[PDB]
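There is one chain below, alone, in structure tokens, taken in the form deposited in one PDB entry.
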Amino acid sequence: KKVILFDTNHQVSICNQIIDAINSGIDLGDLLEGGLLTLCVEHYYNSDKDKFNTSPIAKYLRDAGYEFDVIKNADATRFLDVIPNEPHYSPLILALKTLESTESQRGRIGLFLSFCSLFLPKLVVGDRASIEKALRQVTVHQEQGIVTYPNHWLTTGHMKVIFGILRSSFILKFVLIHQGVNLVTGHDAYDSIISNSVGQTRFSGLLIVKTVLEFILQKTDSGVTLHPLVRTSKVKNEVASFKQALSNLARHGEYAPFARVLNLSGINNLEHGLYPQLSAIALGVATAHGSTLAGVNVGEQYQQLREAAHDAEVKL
């Protein structure tokens, strides 16, 4: 998986044109993520390739099989100048010369990346949810006065384009999430928007499983341990599979809360539907405290254990 970075002495203009093509809905094909990575690199490392290659982001991406193939040009002022002559890029090129040049402005790259970041909290849910959420966030930050997005970015078509770009692109998601988490707390509005989005993205797609896990746990000053009902013979397989899925998730470390969004490996079975009995136990224990588990419906077959879990928690 070869990622092409574009290297010129007109990086800002090239980048803004990559944003032009992306926003136009033009399919960049196998250059998409390469283009995206260039943007990120121009933004966070000011196109210093040596500073990037030694970064945790490049570290991780290389550790995940990505190979960086830099295309040095310069004198190239135009994204069109930079695409290989190779004929499987013919339609791309054909579309790109129909591109209007919005003269490169300052902060438009950060503008773009923050916009993208607003789609993250509900990305795994779907386009409707991700986009609705994005719009509500847009109005939030707008009325904060911290940032104003162009209104034509708010049409449903354009936001479907962006949603798509995030879906297809692993690198974009990873860079935005990594920087959301690790980038400090300076004086760049876009970094704080991205940070806020990533903060709202934590455990996206994994909150039900998380809370079920929370509620089959038992606080004892002898450490902390599993619920006794969890340790019956009927629930010997659910606990096995759950422990295994949880280990797989745990592999991903600090990226574990974002593992569903980034589509990380090992998450197949981290889906509460597969664990009815543990869900029953957790909902019981939850009820006994008043609060409840959102998104968890116990079918008849496990209603008994549900009360079995319920009453016993109230007698404690």
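A residue's number is simply how far along the shown sequence it sits, counting from 1. Note that the rigid core is defined as the largest set of C-alphas that superpose within 1.5 Å between two forms.
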I need to verify one thing: averaged over C-alpha atoms only, is the B-factor higher for 134-142 or for 82-90?
82-90
Do the C-alpha atoms of 119-127 or of 233-241 have the higher average B factor in the entry?
233-241
Among 256, 286, 26, 39, highest Cα B-factor in the entry goes to 286
Between 266, 273, 290, 35, which one tops the list for Cα B-factor in this entry?
290
Where does residue 173 sit by CA temperature factor within its chain: lowest, middle or highest third?
lowest
Grab the CA temperature factor for residue 186 from the record and place it in the lowest, middle or highest third of its chain.
middle
Of the three thirds of Cα B-factor ranks in this chain, residue 260 occupies the middle
Third of the chain, ranked by Cα B-factor, where residue 70 sits:
highest
Based on the deposited C-alpha B factors for this chain, I'd like to know if residue 13 is in the lowest, middle or highest third.
middle
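The next section is about a form of this same protein that is not shown, the form deposited in another entry.
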When the rigid core of both forms is overlaid, which of 124, 92, 161, 230 is the one whose C-alpha moves 2 angstroms or more between this form and the one not shown?
230
Compare the position of the CA of residue 262 between this form and the one not shown after a rigid core fit and state whether the shift reaches 2 Å.
no
Superpose on the rigid core, then tell me if the C-alpha of residue 220 is displaced by 2 angstroms or more between this form and the one not shown.
yes
Would you say residue 306 moves between this form and the one not shown, meaning its CA shifts by 2 Å or more once the core is fitted?
yes
